[PDB]
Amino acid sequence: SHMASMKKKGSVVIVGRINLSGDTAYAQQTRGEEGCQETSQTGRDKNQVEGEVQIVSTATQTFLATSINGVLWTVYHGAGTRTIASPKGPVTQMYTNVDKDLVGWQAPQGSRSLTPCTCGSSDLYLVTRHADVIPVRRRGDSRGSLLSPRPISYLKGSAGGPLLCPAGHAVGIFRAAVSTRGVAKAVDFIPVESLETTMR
């Protein structure tokens, strides 16, 4: 029948991480293609999570997700209303705000959260899905300009990753880049204060 053939969106699946806990930033893959697809449909992810920044996938996109204050956050435009796969099965979103382009799930067992920035610094660092650390000058609440031009393609799939202050604390969640002729000049991000307001 038409109803009995209706498919369900899978879960978001954690497929790697950006390791920032050492002296070197680098990407790690923890699941390959077949395993990602299976885990998406069951919603059951056996892998132990570690770290603050996850690399996540849906069937159509790969992007990032960042743990701050006990919630793993990402962009709505990547995750939609999807559950995330976990050891206990699919986990429903704790927070969803399309107007902020923000979703959040309870942070997975084994993950750690970044500490929100208290130092007020306007010199930020964007962490990409390829573990590139890109200096960004903050221009106000939710914006920053790149210190050096990069092609907009270098930032593809980094939505949901962190903007960190010089100390490595969280200032915000990367959402979108502004470009001209394919060259990224500025970023838009969801500030940590806005996450906290969502939580309150």
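In case it trips you up, residue 1 is the first one in the sequence shown, and so on.
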(request) Could you check which stretch, 46-54 or 65-73, carries the larger mean CA temperature factor in the entry? (result) 46-54
(request) Compare the mean C-alpha B-factor of 188-196 with that of 5-13 as given in the PDB entry, and name the stretch with the higher value. (result) 5-13
(message) Take the CA temperature factors straight from the PDB entry and tell me which of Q28, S158, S40, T60 peaks.
(response) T60
(request) Specify which of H130, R82, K88, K100 carries the largest Cα B factor in the deposited PDB entry. (result) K88
(request) Using the B-factors in the PDB entry, rank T118's C-alpha atom against the chain and give the third, lowest, middle or highest. (result) highest
(message) Using only modelled residues of the chain, where does the Cα B factor of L126 rank: lowest third, middle third or highest third?
(response) lowest
(message) By the recorded C-alpha temperature factor, relative to the other modelled residues in its chain, which third is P151 in?
(response) middle
(request) Among all modelled residues of this chain, ranked by Cα B factor, put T96 in the bottom, middle or top third, i.e. lowest, middle or highest. (result) lowest
(message) Where does the C-alpha B-factor of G35 rank in its chain, lowest, middle or highest third?
(response) highest
